[PDB]
>>> print(open('final-v1.pdb').read())   # PDB, C-alpha atoms
ATOM      1  CA  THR A 199      -6.610  -7.839  -5.636  1.00  0.00           C
ATOM      2  CA  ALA A 200      -4.570 -10.956  -4.878  1.00  0.00           C
ATOM      3  CA  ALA A 201      -2.874 -10.015  -1.591  1.00  0.00           C
ATOM      4  CA  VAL A 202      -0.476 -12.945  -1.774  1.00  0.00           C
ATOM      5  CA  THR A 203       2.929 -13.282  -0.100  1.00  0.00           C
ATOM      6  CA  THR A 204       5.945 -12.282  -2.214  1.00  0.00           C
ATOM      7  CA  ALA A 205       9.642 -13.194  -2.239  1.00  0.00           C
ATOM      8  CA  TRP A 206      12.294 -11.325  -0.267  1.00  0.00           C
ATOM      9  CA  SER A 207      14.215  -8.775  -2.305  1.00  0.00           C
ATOM     10  CA  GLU A 208      17.097  -6.369  -1.772  1.00  0.00           C
ATOM     11  CA  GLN A 209      16.038  -4.537  -4.938  1.00  0.00           C
ATOM     12  CA  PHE A 210      14.380  -1.493  -3.367  1.00  0.00           C
ATOM     13  CA  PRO A 211      13.334   0.721  -6.295  1.00  0.00           C
ATOM     14  CA  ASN A 212      14.286   3.628  -4.012  1.00  0.00           C
ATOM     15  CA  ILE A 213      14.835   2.951  -0.311  1.00  0.00           C
ATOM     16  CA  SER A 214      15.289   5.996   1.923  1.00  0.00           C
ATOM     17  CA  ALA A 215      18.775   6.973   3.081  1.00  0.00           C
ATOM     18  CA  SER A 216      17.206   7.000   6.541  1.00  0.00           C
ATOM     19  CA  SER A 217      17.233   3.195   6.414  1.00  0.00           C
ATOM     20  CA  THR A 218      20.555   2.569   4.621  1.00  0.00           C
ATOM     21  CA  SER A 219      23.663   4.073   3.097  1.00  0.00           C
ATOM     22  CA  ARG A 220      22.931   5.728  -0.253  1.00  0.00           C
ATOM     23  CA  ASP A 221      25.212   7.334  -2.815  1.00  0.00           C
ATOM     24  CA  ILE A 222      24.823  11.000  -3.702  1.00  0.00           C
ATOM     25  CA  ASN A 223      26.673  13.258  -6.121  1.00  0.00           C
ATOM     26  CA  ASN A 224      26.312  17.027  -5.946  1.00  0.00           C
ATOM     27  CA  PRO A 225      29.530  18.744  -7.135  1.00  0.00           C
ATOM     28  CA  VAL A 226      29.654  22.470  -6.447  1.00  0.00           C
ATOM     29  CA  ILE A 227      29.946  24.637  -9.559  1.00  0.00           C
ATOM     30  CA  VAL A 228      31.670  28.019  -9.635  1.00  0.00           C
ATOM     31  CA  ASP A 229      30.474  30.474 -12.286  1.00  0.00           C
ATOM     32  CA  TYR A 230      32.589  33.232 -13.814  1.00  0.00           C
ATOM     33  CA  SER A 231      30.168  35.496 -15.705  1.00  0.00           C
ATOM     34  CA  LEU A 232      31.223  36.818 -19.108  1.00  0.00           C
ATOM     35  CA  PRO A 233      28.398  39.330 -19.915  1.00  0.00           C
ATOM     36  CA  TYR A 234      30.560  41.617 -22.061  1.00  0.00           C
ATOM     37  CA  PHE A 235      32.533  40.865 -25.212  1.00  0.00           C
ATOM     38  CA  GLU A 236      35.745  41.653 -23.313  1.00  0.00           C
ATOM     39  CA  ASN A 237      35.387  40.682 -19.647  1.00  0.00           C
ATOM     40  CA  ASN A 238      37.512  41.277 -16.556  1.00  0.00           C
ATOM     41  CA  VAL A 239      38.189  37.800 -15.170  1.00  0.00           C
ATOM     42  CA  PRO A 240      39.736  36.583 -11.880  1.00  0.00           C
ATOM     43  CA  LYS A 241      42.100  33.659 -11.299  1.00  0.00           C
ATOM     44  CA  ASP A 242      40.326  30.369 -10.484  1.00  0.00           C
ATOM     45  CA  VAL A 243      39.108  30.288  -6.887  1.00  0.00           C
ATOM     46  CA  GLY A 244      41.873  29.159  -4.544  1.00  0.00           C
ATOM     47  CA  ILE A 245      39.903  26.502  -2.688  1.00  0.00           C
ATOM     48  CA  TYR A 246      42.717  26.186  -0.148  1.00  0.00           C
ATOM     49  CA  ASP A 247      41.992  29.709   1.077  1.00  0.00           C
TER      50      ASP A 247
ATOM     51  CA  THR B 199      29.065 -52.472  23.223  1.00  0.00           C
ATOM     52  CA  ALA B 200      32.592 -52.181  21.834  1.00  0.00           C
ATOM     53  CA  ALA B 201      34.013 -49.286  23.875  1.00  0.00           C
ATOM     54  CA  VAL B 202      37.026 -48.919  21.604  1.00  0.00           C
ATOM     55  CA  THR B 203      39.193 -45.830  21.083  1.00  0.00           C
ATOM     56  CA  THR B 204      38.254 -43.598  18.132  1.00  0.00           C
ATOM     57  CA  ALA B 205      40.119 -41.119  15.926  1.00  0.00           C
ATOM     58  CA  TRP B 206      40.425 -37.414  16.699  1.00  0.00           C
ATOM     59  CA  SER B 207      37.935 -35.245  14.844  1.00  0.00           C
ATOM     60  CA  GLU B 208      37.153 -31.550  14.508  1.00  0.00           C
ATOM     61  CA  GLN B 209      33.753 -32.489  13.073  1.00  0.00           C
ATOM     62  CA  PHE B 210      31.576 -31.758  16.107  1.00  0.00           C
ATOM     63  CA  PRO B 211      27.992 -32.417  14.971  1.00  0.00           C
ATOM     64  CA  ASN B 212      27.091 -29.441  17.185  1.00  0.00           C
ATOM     65  CA  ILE B 213      29.671 -28.148  19.662  1.00  0.00           C
ATOM     66  CA  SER B 214      28.480 -25.517  22.136  1.00  0.00           C
ATOM     67  CA  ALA B 215      29.352 -21.863  21.557  1.00  0.00           C
ATOM     68  CA  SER B 216      30.588 -21.982  25.148  1.00  0.00           C
ATOM     69  CA  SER B 217      33.602 -23.935  23.883  1.00  0.00           C
ATOM     70  CA  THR B 218      34.230 -22.181  20.540  1.00  0.00           C
ATOM     71  CA  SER B 219      33.210 -19.429  18.167  1.00  0.00           C
ATOM     72  CA  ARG B 220      29.962 -20.258  16.362  1.00  0.00           C
ATOM     73  CA  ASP B 221      28.081 -18.449  13.616  1.00  0.00           C
ATOM     74  CA  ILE B 222      24.557 -17.186  14.213  1.00  0.00           C
ATOM     75  CA  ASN B 223      22.088 -15.345  12.001  1.00  0.00           C
ATOM     76  CA  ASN B 224      19.024 -13.662  13.466  1.00  0.00           C
ATOM     77  CA  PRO B 225      18.035 -10.606  11.369  1.00  0.00           C
ATOM     78  CA  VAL B 226      15.414  -8.392  12.981  1.00  0.00           C
ATOM     79  CA  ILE B 227      12.189  -8.065  10.992  1.00  0.00           C
ATOM     80  CA  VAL B 228       9.955  -4.996  11.061  1.00  0.00           C
ATOM     81  CA  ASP B 229       6.270  -5.562  10.297  1.00  0.00           C
ATOM     82  CA  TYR B 230       3.929  -2.968   8.813  1.00  0.00           C
ATOM     83  CA  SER B 231       0.401  -4.362   9.233  1.00  0.00           C
ATOM     84  CA  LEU B 232      -2.053  -3.950   6.360  1.00  0.00           C
ATOM     85  CA  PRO B 233      -5.359  -5.190   7.932  1.00  0.00           C
ATOM     86  CA  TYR B 234      -7.616  -2.997   5.787  1.00  0.00           C
ATOM     87  CA  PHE B 235      -7.987  -2.824   2.016  1.00  0.00           C
ATOM     88  CA  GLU B 236      -6.674   0.755   2.115  1.00  0.00           C
ATOM     89  CA  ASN B 237      -4.155   1.163   4.944  1.00  0.00           C
ATOM     90  CA  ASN B 238      -2.421   4.162   6.500  1.00  0.00           C
ATOM     91  CA  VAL B 239       1.291   3.385   6.211  1.00  0.00           C
ATOM     92  CA  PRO B 240       4.408   5.066   7.680  1.00  0.00           C
ATOM     93  CA  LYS B 241       7.791   5.656   6.040  1.00  0.00           C
ATOM     94  CA  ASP B 242      10.306   2.833   6.616  1.00  0.00           C
ATOM     95  CA  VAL B 243      11.807   2.983  10.103  1.00  0.00           C
ATOM     96  CA  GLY B 244      14.753   5.375  10.209  1.00  0.00           C
ATOM     97  CA  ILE B 245      17.222   3.055  11.912  1.00  0.00           C
ATOM     98  CA  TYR B 246      19.626   5.962  12.397  1.00  0.00           C
ATOM     99  CA  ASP B 247      17.177   7.569  14.817  1.00  0.00           C
TER     100      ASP B 247
END
>>> encode(input="final-v1.pdb", output="structure tokens")
Amino acid sequence: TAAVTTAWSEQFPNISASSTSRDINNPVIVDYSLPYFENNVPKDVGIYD
Amino acid sequence: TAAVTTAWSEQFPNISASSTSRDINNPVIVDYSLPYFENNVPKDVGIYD
């Protein structure tokens, strides 16, 4: 209603990563199902393979 | 009137950048006109494009 000029601000509530560097965190999770009472389980994934 | 010798000084009121490194600041500004009461606006420029 009052289209007045505002002050400069670096505080972008959520600026796109297409305009600047932005932190993201999406760790991959490996599941090892245990459907039975006594399950057959493998050794942890050897990520280096 | 008194053409006397003066002391050495590094305090150049404004030495040319042709003689030494000089700081400059000229950030580019992107305008997104809002001429109407209800404007059609684009997503912030994707500088990486």
>>> residues_around(input="final-v1.pdb", residues="residue 227 (chain B)", least_positions_apart="4", cutoff="12 Å", atoms="all atoms listed in the file", output="count of residues only")
3
>>> closest_residue(input="final-v1.pdb", among="A:245, A:213, A:222, A:232", to="chain B", atoms="all atoms listed in the file")
A:213
>>> residues_near_point(input="final-v1.pdb", point="(21.6, 4.9, 15.9)", cutoff="12 Å", atoms="all atoms listed in the file", output="number ranges by chain")
A: 216-218; B: 243-247
>>> calpha_fit_and_write(input="final-v1.pdb", fixed="chain B", moving="chain A", output="mmCIF file with C-alpha atoms, in the frame of the given file")
data_model
loop_
_atom_site.group_PDB
_atom_site.id
_atom_site.type_symbol
_atom_site.label_atom_id
_atom_site.label_comp_id
_atom_site.auth_asym_id
_atom_site.auth_seq_id
_atom_site.Cartn_x
_atom_site.Cartn_y
_atom_site.Cartn_z
ATOM 1 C CA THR A 199 29.065 -52.472 23.223
ATOM 2 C CA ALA A 200 32.592 -52.182 21.834
ATOM 3 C CA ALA A 201 34.013 -49.286 23.875
ATOM 4 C CA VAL A 202 37.026 -48.919 21.604
ATOM 5 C CA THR A 203 39.193 -45.830 21.083
ATOM 6 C CA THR A 204 38.254 -43.599 18.133
ATOM 7 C CA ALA A 205 40.120 -41.119 15.926
ATOM 8 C CA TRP A 206 40.425 -37.414 16.699
ATOM 9 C CA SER A 207 37.935 -35.245 14.844
ATOM 10 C CA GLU A 208 37.153 -31.550 14.508
ATOM 11 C CA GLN A 209 33.753 -32.489 13.072
ATOM 12 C CA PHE A 210 31.576 -31.759 16.107
ATOM 13 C CA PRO A 211 27.992 -32.417 14.971
ATOM 14 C CA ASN A 212 27.091 -29.441 17.185
ATOM 15 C CA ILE A 213 29.671 -28.149 19.662
ATOM 16 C CA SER A 214 28.479 -25.517 22.136
ATOM 17 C CA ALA A 215 29.352 -21.863 21.557
ATOM 18 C CA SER A 216 30.587 -21.982 25.147
ATOM 19 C CA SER A 217 33.602 -23.934 23.883
ATOM 20 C CA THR A 218 34.230 -22.181 20.540
ATOM 21 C CA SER A 219 33.210 -19.429 18.167
ATOM 22 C CA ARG A 220 29.962 -20.257 16.362
ATOM 23 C CA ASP A 221 28.081 -18.450 13.616
ATOM 24 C CA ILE A 222 24.556 -17.185 14.213
ATOM 25 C CA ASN A 223 22.088 -15.345 12.001
ATOM 26 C CA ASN A 224 19.024 -13.662 13.466
ATOM 27 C CA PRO A 225 18.035 -10.606 11.369
ATOM 28 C CA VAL A 226 15.414 -8.392 12.981
ATOM 29 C CA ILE A 227 12.189 -8.065 10.992
ATOM 30 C CA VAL A 228 9.955 -4.996 11.061
ATOM 31 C CA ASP A 229 6.270 -5.562 10.297
ATOM 32 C CA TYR A 230 3.929 -2.967 8.813
ATOM 33 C CA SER A 231 0.402 -4.362 9.233
ATOM 34 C CA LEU A 232 -2.053 -3.950 6.361
ATOM 35 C CA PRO A 233 -5.359 -5.190 7.933
ATOM 36 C CA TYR A 234 -7.616 -2.998 5.787
ATOM 37 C CA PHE A 235 -7.986 -2.824 2.016
ATOM 38 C CA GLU A 236 -6.673 0.755 2.115
ATOM 39 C CA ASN A 237 -4.154 1.162 4.944
ATOM 40 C CA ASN A 238 -2.421 4.161 6.501
ATOM 41 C CA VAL A 239 1.292 3.384 6.211
ATOM 42 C CA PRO A 240 4.408 5.066 7.679
ATOM 43 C CA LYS A 241 7.791 5.656 6.040
ATOM 44 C CA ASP A 242 10.307 2.833 6.616
ATOM 45 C CA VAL A 243 11.807 2.984 10.103
ATOM 46 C CA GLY A 244 14.753 5.376 10.209
ATOM 47 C CA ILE A 245 17.222 3.055 11.912
ATOM 48 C CA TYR A 246 19.626 5.963 12.397
ATOM 49 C CA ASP A 247 17.176 7.570 14.816
#
>>> residues_near_point(input="final-v1.pdb", point="(18.6, -8.7, 5.7)", cutoff="9 Å", atoms="all atoms listed in the file", output="JSON, numbers by chain")
{"A": [208], "B": [225, 226, 227]}
>>> closest_residue(input="final-v1.pdb", among="A:231, A:209, A:203, A:214", to="chain B", atoms="all atoms listed in the file")
A:214
>>> decode(input="final-v1.pdb", residues="chain B", atoms="C-alpha atoms", output="mmCIF file, in the first residue's frame")
data_model
loop_
_atom_site.group_PDB
_atom_site.id
_atom_site.type_symbol
_atom_site.label_atom_id
_atom_site.label_comp_id
_atom_site.auth_asym_id
_atom_site.auth_seq_id
_atom_site.Cartn_x
_atom_site.Cartn_y
_atom_site.Cartn_z
ATOM 1 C CA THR B 199 54.734 33.049 -3.103
ATOM 2 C CA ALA B 200 57.274 31.250 -0.920
ATOM 3 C CA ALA B 201 58.470 28.457 -3.231
ATOM 4 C CA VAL B 202 60.209 26.615 -0.410
ATOM 5 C CA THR B 203 61.076 22.911 -0.228
ATOM 6 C CA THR B 204 58.536 20.678 1.543
ATOM 7 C CA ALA B 205 58.689 17.334 3.357
ATOM 8 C CA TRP B 206 58.205 13.978 1.650
ATOM 9 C CA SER B 207 54.708 12.564 1.999
ATOM 10 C CA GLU B 208 52.855 9.412 0.998
ATOM 11 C CA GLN B 209 49.576 11.246 1.620
ATOM 12 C CA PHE B 210 48.550 11.918 -1.982
ATOM 13 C CA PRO B 211 45.139 13.617 -1.769
ATOM 14 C CA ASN B 212 44.316 11.627 -4.920
ATOM 15 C CA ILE B 213 47.149 9.957 -6.829
ATOM 16 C CA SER B 214 46.261 8.433 -10.198
ATOM 17 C CA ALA B 215 45.798 4.672 -10.495
ATOM 18 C CA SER B 216 48.242 4.983 -13.388
ATOM 19 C CA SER B 217 51.001 5.442 -10.804
ATOM 20 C CA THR B 218 49.843 3.005 -8.090
ATOM 21 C CA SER B 219 47.298 0.432 -7.022
ATOM 22 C CA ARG B 220 43.987 2.042 -6.053
ATOM 23 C CA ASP B 221 40.806 0.576 -4.611
ATOM 24 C CA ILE B 222 37.543 0.810 -6.528
ATOM 25 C CA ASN B 223 34.027 -0.376 -5.750
ATOM 26 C CA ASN B 224 31.372 -0.534 -8.451
ATOM 27 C CA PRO B 225 28.870 -3.348 -7.715
ATOM 28 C CA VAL B 226 26.513 -4.126 -10.581
ATOM 29 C CA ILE B 227 22.832 -3.612 -9.777
ATOM 30 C CA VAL B 228 20.015 -5.593 -11.375
ATOM 31 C CA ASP B 229 16.624 -3.874 -11.557
ATOM 32 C CA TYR B 230 13.276 -5.664 -11.629
ATOM 33 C CA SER B 231 10.690 -3.031 -12.604
ATOM 34 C CA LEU B 232 7.346 -3.037 -10.799
ATOM 35 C CA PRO B 233 5.335 -0.417 -12.808
ATOM 36 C CA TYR B 234 1.932 -1.989 -12.134
ATOM 37 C CA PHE B 235 0.174 -2.696 -8.849
ATOM 38 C CA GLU B 236 0.372 -6.426 -9.618
ATOM 39 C CA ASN B 237 3.529 -7.201 -11.605
ATOM 40 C CA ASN B 238 4.796 -10.289 -13.416
ATOM 41 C CA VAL B 239 8.202 -10.981 -11.870
ATOM 42 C CA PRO B 240 11.034 -13.385 -12.820
ATOM 43 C CA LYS B 241 13.270 -15.450 -10.537
ATOM 44 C CA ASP B 242 16.505 -13.681 -9.520
ATOM 45 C CA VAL B 243 19.071 -13.731 -12.320
ATOM 46 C CA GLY B 244 21.053 -16.968 -12.285
ATOM 47 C CA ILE B 245 24.518 -15.437 -12.456
ATOM 48 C CA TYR B 246 26.013 -18.879 -13.071
ATOM 49 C CA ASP B 247 24.275 -19.020 -16.447
#
